[PDB]
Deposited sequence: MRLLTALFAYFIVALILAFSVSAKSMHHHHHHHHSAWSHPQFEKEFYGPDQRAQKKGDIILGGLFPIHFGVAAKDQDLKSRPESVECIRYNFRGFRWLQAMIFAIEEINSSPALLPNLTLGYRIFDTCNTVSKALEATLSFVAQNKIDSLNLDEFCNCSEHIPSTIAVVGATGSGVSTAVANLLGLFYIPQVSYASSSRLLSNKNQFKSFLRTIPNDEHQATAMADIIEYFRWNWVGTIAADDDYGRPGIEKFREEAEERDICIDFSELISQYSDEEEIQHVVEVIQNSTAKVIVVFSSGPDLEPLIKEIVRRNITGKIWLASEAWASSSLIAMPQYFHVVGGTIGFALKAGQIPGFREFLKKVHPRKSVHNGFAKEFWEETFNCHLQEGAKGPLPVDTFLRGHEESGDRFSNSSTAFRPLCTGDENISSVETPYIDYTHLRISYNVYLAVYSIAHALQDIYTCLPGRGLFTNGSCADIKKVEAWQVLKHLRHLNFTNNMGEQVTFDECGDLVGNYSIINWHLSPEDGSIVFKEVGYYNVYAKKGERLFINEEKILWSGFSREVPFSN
């Protein structure tokens, strides 16, 4: 398949898709000569941390004597660049065998639009796909997406929570902005419905994107400038929001209350100190934090030399230390990860990373359910089992549909009729560190998704900066 990858031989292979870059280089093809392949641009350090979590879990599992003793799990992991096209190349390789008529399960993708395209494909071959971050309600539809599950809750809930926060503060006047894609559009539509039920009025509603032109941006900023609304609900990823924010910062638009969907509420592309006068004090959703003992130590052993199997480790290094590998200065090889602050390690809570880790453990546990299957008390015809020596993707899907297990956090992980896994939300507020001068995601409440209306939202008003500054 693709040139850049992370890959290790095993008896059973797990596919993986991660956004190691935020995007593709937009040298928009006029098709004057044969199109070469696009280049991926702007390193995503957080995304590399996500990919590490999958490798950590797979290595943790091959070490565990308990879980899958006779066998080893391998992996084939690719960069999507938040791009359907790159993600589809990689996926064509995952199903290369199957298509001619080997990959047992795929962990990914991140953006709901990317996961959709991938799912349309894997679904043809009943290859289970477990996403760590794709939250569009569209993916719950099991007629269209036969093999899709996720370790993240869908956005029906998040959008309802957004409307509940607004009602909580007795606000009744807002604007909305959403990314023009299968994450933003269905999310804000839901929010609209919920806002109406609670007599919350929406004065404007606009769509944006990573690739909006200057005229389209100017227009959105004008609508904003021209509106009495102080509270602006935004349903979007970092990359789709960054152009709008750059212009809003350029024109110095100040003291809006920004309500962030989980995709941008922790994004290092928006939570930048030079934007704080605009973006300070945003309130947003985050997934519940999880714990991976050993992970931080694993992330510090990265090395362009030592790491044979992870072929993303080279460019990681170069990006981190701003050098090149055997004028861009050459790299010693002996530089220290702890000297440069990047999102790779400069984090406090593991949230999406935890989902990656659970996505892998799900696949693993469903394989463990096949290892220990007792003939007669199995899930296939006449109580029969599946042969783990010769396992087929659809059998893992089957096992994933019936899975129930207890995670290191001591929780039961099972998937519903739609392949979703319910979860609660943290509510964070953007403060400025007086120690660092950097932005700090202060936890200020939580939303318990399944609870009687009026007993779901828990907030500490005392803790909130409304402009973000002490």
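Missing from the model, relative to the deposited sequence, are the stretches 1-47, 149-163, 389-417, 562-568.
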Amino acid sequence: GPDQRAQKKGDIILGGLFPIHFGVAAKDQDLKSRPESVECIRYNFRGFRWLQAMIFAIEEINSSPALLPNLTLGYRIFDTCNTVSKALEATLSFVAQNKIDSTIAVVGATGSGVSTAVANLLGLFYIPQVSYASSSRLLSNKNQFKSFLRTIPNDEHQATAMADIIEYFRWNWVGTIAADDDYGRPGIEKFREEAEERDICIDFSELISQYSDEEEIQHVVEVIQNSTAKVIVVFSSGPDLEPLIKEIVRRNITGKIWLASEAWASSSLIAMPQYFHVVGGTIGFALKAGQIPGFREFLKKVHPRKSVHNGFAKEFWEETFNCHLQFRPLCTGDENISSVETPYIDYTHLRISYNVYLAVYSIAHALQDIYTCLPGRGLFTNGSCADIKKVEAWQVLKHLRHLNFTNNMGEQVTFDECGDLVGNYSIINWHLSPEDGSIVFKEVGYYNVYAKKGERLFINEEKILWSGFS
From here on, numbers count along this sequence of modelled residues.
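When 399-407 is weighed against 29-37, 29-37 comes out higher, by mean CA B-factor as recorded in the entry. Of the two segments examined, 292-300 and 120-128, it is 292-300 that shows the higher average Cα temperature factor in the deposited entry. Per the PDB entry, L68 shows the highest C-alpha temperature factor of the residues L68, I428, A53, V413. Considering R137, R377, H157, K146 together, the PDB entry gives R377 the largest C-alpha B factor. Residue-level temperature factors show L14 in the lowest third of its chain, judged at the C-alpha atom.
Split the chain's modelled residues into thirds by C-alpha temperature factor. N382 is in the highest one. Compared with the other modelled residues of the chain, the Cα B-factor recorded for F327 ranks in the highest third.
Sort the chain's modelled residues by C-alpha temperature factor and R150 lands in the lowest third, per the entry. Split the chain's modelled residues into thirds by C-alpha temperature factor. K306 is in the highest one.
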